[PDB]
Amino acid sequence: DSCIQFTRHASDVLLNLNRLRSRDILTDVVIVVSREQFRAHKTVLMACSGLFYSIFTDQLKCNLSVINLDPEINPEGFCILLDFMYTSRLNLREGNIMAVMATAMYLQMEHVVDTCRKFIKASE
């Protein structure tokens, strides 16, 4: 086509989706990770995660307002990945890298799994 493109548009959209998440606006699901609860938008979760994409395209699960994750999932690892989904920024640290990588593998977030593998390999 002969379209023009606004470079900062995708980043501006994601910034506003994060602002709606912070103010709890039009969030339509609560993700339960052991004792912890995280409110989010189903569309953003599907757009970022192979696991959520599979869950919310399922004819019965698409209508659930609560999703319970596997008890082995660490709430902090999930929180870090949820923040990444809404911001593009990953808070990866020596003390959380193992939990973040295991959570990213479970959530099917291949780019996160890739950088965790590289950061671990460098420390070996």
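The numbering used is simple: start at 1 and walk along the sequence shown.
Note on 95 to 103 vs 37 to 45: mean CA B-factor is higher in 95 to 103.
On average the C-alpha atoms of 53 to 61 have higher B-factors than those of the other stretch, with 79 to 87 and 53 to 61 being the two compared. For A10, the recorded CA B-factor ranks within the lowest third of the chain. Only modelled residues enter the ranking. Ranked by C-alpha B-factor against the other modelled residues of its chain, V112 falls in the middle third.
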